[PDB]
J.: 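Sending over a structure as structure tokens; questions will come in a sec.
Counting convention: from 1, in listed order, for ligands and their atoms alike. First the proteins, then the strands, lettered A, B, ... as listed; each starts at 1. Both backbone and side-chain heavy atoms feed into the values below; hydrogens, waters and symmetry mates do not.
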Number of protein chains: 4
Amino acid sequence: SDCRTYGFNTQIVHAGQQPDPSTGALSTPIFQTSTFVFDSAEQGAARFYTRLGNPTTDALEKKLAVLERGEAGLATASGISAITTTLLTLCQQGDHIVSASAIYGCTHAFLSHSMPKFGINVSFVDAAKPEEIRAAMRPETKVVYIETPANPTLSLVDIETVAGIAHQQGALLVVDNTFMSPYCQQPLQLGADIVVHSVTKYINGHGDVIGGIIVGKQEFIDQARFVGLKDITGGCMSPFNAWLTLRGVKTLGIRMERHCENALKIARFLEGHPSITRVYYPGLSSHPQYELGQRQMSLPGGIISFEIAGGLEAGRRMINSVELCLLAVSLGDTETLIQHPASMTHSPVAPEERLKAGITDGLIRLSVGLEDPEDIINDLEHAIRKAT
Amino acid sequence: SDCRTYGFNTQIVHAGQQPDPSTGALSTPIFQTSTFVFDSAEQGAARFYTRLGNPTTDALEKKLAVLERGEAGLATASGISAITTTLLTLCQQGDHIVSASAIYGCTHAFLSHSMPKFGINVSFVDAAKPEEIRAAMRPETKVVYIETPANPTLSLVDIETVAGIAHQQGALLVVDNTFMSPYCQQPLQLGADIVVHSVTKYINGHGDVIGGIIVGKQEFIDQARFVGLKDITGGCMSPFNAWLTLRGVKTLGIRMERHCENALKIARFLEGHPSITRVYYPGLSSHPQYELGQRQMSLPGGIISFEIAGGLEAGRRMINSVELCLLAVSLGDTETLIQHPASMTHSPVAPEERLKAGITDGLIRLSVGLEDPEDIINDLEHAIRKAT
Amino acid sequence: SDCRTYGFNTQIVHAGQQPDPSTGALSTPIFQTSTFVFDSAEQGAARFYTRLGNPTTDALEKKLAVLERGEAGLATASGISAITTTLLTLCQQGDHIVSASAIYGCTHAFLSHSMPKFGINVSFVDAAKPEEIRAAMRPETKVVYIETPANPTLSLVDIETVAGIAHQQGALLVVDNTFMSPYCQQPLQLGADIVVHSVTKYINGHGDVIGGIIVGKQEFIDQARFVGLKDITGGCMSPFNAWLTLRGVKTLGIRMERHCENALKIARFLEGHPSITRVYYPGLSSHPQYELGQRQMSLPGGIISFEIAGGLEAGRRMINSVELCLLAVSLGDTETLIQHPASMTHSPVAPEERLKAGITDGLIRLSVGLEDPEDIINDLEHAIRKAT
Amino acid sequence: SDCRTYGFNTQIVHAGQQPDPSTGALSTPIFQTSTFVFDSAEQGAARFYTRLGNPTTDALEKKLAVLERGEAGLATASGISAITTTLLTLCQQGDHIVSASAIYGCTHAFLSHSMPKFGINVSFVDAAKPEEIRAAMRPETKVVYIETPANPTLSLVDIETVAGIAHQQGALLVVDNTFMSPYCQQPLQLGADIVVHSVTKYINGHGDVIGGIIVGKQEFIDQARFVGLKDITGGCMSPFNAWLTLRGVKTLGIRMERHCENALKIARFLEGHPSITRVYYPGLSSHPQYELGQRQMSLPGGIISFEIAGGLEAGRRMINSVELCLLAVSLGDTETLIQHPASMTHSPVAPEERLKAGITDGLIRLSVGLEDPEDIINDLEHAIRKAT
Ligand code: NA
Ligand code: NA
Ligand code: NA
Ligand code: NA
């Protein structure tokens, strides 16, 4: 049989994996090795695994390829390495990239500073307006780069529309699908060419692995592996990290269901609360791109942003008053995580520059975990009441 | 007390490490985490660990910094990532690098193809001739890059002399110290600015970790961390890999002593053998740069190359006749590893091009392990006798 | 705050765990150490951790204690070690145990052969009939031992009733709660004194850890630790196994929900199938002790047994015809597992002796996993159709 | 070829291990699995691995069997589990054991209290006097149990002589070889029937694994596995712990050489020091059983005990004044460990009872590590000078 034919939950559990033919071991063994041995000079020449590949990591790459409906996968040392290995494989001096402005922070630094120092220019646009992408394209544009949903207000990008635009002008579309996971969104099915994830978030899900994955056509992935990893970033994933990610992703379906069920309850609670001015969540019909979300996403996700009354000091008081939610900058973990960018990560940044970046003084971001939603709601209500 | 004051074996065991103050645990705990939590909004802003750093990996970086007599260390996903994170941190389009030609293979691809595609030009020279390095320097030269000893005939580069030349012309010297480990050679003490290793080889030593390390001044390492890793390669080392490397490096001193004691015995045996035309080993007085080796290296290393009578077919027969030595392309493991580049790794490469690269049809490379030297010698003698 | 006050899902995620006070690490660090160090002679005497305890394993023990509503937990090397460490701590030569007959196989060997060789006699009874337990009690009875649900037909034992009987006659009740997990059944809340689990099954859930847990009063657990583990079995759990179990148990709630939702669908399908003579599942109203199950269990579990038409050869053909279900003797994993005891595990056992043990020639046992239930059903239907 | 024919260092590296036939992986894969799968009903019946065995742990057991020159090995959860699994497999109510009195502490509790509660009586004797062993034997004696060298003064037991006595009277000899490792002593070669180790000490050597090993005839080991582990202690070793022990034992030869070379230097220093009244070390000719040690042990070991002038307070001051040596109760680690039993572990024990146990107020025990011996000596001298 072929796991590409089975239901998505079945694929999550089985795809890329099989019992060890040699031993019958059901768990994928951890091939924690650097060295692979040949039986003869002839076998040595023939193969020329190699530890540009590894049997454990191979299982993870094959699984994620099945889940994203792509041909092949490539695991990396971090989400940022998945992004840079991809873009540095595709681009050389003189090339151009059109990127969404609403992207993850260290992606922005790589595109803003690193790429131009290698002769690769980047134009940043508002990707919620596909016409801005079209207008920014140039004869030298190799790649359009988008993230959806995007920080910090969970705005969306119409993947199918953008893919059509990119392709008409001879560029590839790369989509960072980290926030959704393949359980909730499948960019390749909508016309994207390449998907990247930080598996650090939902794919692993257990807050104990830093890692990335790239999924795309075999022809591209081979280049990302034999040139990008081998000759540029060196960002390979360790076999133990691959094994942990394989283990975490086993529960991706049930975890995403619970994250999203919890998040919807919490988003509705926050929307009903008189001390909360705004709530950003694709699952609320008041979301600016609600209907696009319903077509493109199977679930509205586990992340919520919201603005508390009273600006900077209220937001600080609120996060200082939670008892259950944990203060941290990651997302996609089993524990509910909360952060207040204006007092935490962006405190040195000038208020008016924060504002330009969509970060208001009162904005809180919440990564909803697997706890009982009544407990998370009660904790939020407690902290909100105190802060306001 | 301060481990920088203690003997080298004491440093190998203790430097960068201490019992866990919280629990008393002697082994460095494995901080297998992606997420770090803040106790308040204020603590969050203050720190802005972060998982651009990790307590386990920090211990490894501090240890290797002590051992190389550098200020700071930075762990990476692979030896190649240590090299590319370094050079991509230092160089931008329009910059120039002078590199030894006798370098590790995937370093050569990065320098030959990847760097020029980012607008960074590289001149390759014979670094055994320091005048060639001087002659190749340009106003835009940022870095001189060397490896010593170098594949495939274990030629040397005079680190102190090259450092003086590089510095006089305003460039940094980066040295790949992988083959020696800090137990046998200390490039920073000889004037190098930056040392890189693949810890995949001797530093870990157990053939089960792919990883790299960079050691240098705090000011440089900070840039390699906060720009190179964060914004370019994303090549961070996982905490488990760091923990395994910490564990492997505990025995670095006793392992290097045994590797080198074994290697000298084997090199002398091979030098006495009438079916072996040449033996390349820094420990033999017939080595072209023997006296330089005696000043610059505390031991002559665990690697030997040698040429067997009868060219390509003899070399193939020989490696096909070993019973104890294992056929593989890595080095620095506890097991003795052997390879015949002409029939294994370089078989597709044209004979005359192999020859230009110092790879003769009969050249065998041997990574000497920790087995009884009489057993390794008996195995070699057996295979040589059969092959010739 | 106190996690004993929060909802069960919140407890599953958080109980026994907290960010590392020293570093802020959210994941419990893996304290993979044998050695703990003292700061002074005085601190050494004072503590006399010790590695009869470990910070990682402590977190697991505290979590499971919260989840079972017991005072304290003790982790072990295997489920069987949890059982034997308990019973060998409690019993000495001349003591007596009343045990259910319908128990796990290697528990039966320990009770049948090992215990009597140490002078500890065991009476086996049908624990579905509490009067049989009462009738078997003796002045020297220290322990009543039960498992519920029990193999192979998922019969039940009324925990509250049995606890009352045991206590009236001055004995402790120990319950193996492995099949249910604390998510579905809480024996201590029903009057049991001690709960044991093989965490190898649902608690870990990922088919990659062998381990056990014991939960009970602090006074008993201290004895099981400082006498049973230290001075009898030596069956301690490794910190890495504890860390993996902590990680697996994070998803216990969502996993048990899905296992049981899937199992109910499959049990109903099997009950409607004309080639299946019997289906044993607590979730079917036709189950002999259905109402007892509804009071004592919050969900009916992820395990089903059923009898296929055509006896031994039909059962063999059926398991040889599945494509998705994996043939194995474990349970509680994310993958659906299937076994046919009469042709697999009990083939050497005489047919009439198998029959006495409740194992008919046509009995199949199924551990329902997290795959799509339609896929599991389609696979079963396919194999059943072929086999019959 | 057969590793039983090779030199001991070669065996240490290679025995029990081979590249993975399926993949070529040189490192033994970590089979971190609980579940093994069958390809058919027939294969299921046939095997009835099983996770009473595991491919990773199997490699460790086979290696240690080669190194001790025994037929078979069995890994366990701890050294104490190796001991109790052995003795509870061999003995039943009514049986008798003759044991050395000078044994490891938690072995003493198991023999003194646990065994008699199961109807198994134990006679303790001074095993340095083989006549005391003979005089204590009874018709029901199944086992003679010895440790050599023994705590706390490193007295010896003549293994060959004791084996002859045990055998003449129809008993087995079990030897705890933990202090020596098979590199320094081979009890089976001297007539012992069974060897046990805590691998927690030198075999693993890295202070990060708790575990045990049993080595003996296939017929016995099968019983220890299929009855002792399966049906009594449940004390199996986890595959990750086995993998770490495999990795640690790779350097056993070079580690034991350095431990013993360091220890001899330190013992000679202490013997020359006027504030040290006694030094116990088999490598000093003043050792009461020096010549026996020279025949039975290939090296004199890495452990030293010594008495400091000034009794209890001097010993306390001394250990409170070390800067490099770490205060801990384990041994065989890469770091030098020191303890003062009278002020640390035996402080509650009455002075006259301590004295009976060979523990004087001034006795210090030292586990010599791999640091530079001059540094350890300088640290000891510093602390001794201060304390006296
Ligand atoms: Na991004
Ligand atoms: Na290099
Ligand atoms: Na049981
Ligand atoms: Na002992």
J.: Could you grab the protein N, O or S atoms closer than 3.0 Å to the Na ion (ligand 2) for me?
T.: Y145(B) OH, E147(B) OE1, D176(B) OD2
J.: To the nearest 0.5 Å, tell me how far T148(B) OG1 sits from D176(B) CG.
T.: 10.0 Å
J.: Rounded to the nearest 0.5 Å, what's the gap from CD1 on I303(B) to NZ on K201(B)? Could you check?
T.: 9.0 Å
J.: Looking at every heavy atom in both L64(B) and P182(B), which two are closest together, and how far apart are they?
T.: CD1-CG, 4.1 Å
J.: Taking the ring of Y202(C) and the ring of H197(C), is the distance between their centroids below 6.0 Å?
T.: no
J.: Considering the options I146(B), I83(B), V143(B), which one meets the side-chain contact (heavy atoms from CB on, under 4.5 Å) requirement together with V174(B)?
T.: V143(B)
J.: Can you tell me if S78(A) uses its side chain to pair, donor with acceptor, with the backbone of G234(B) under 3.5 Å?
T.: yes
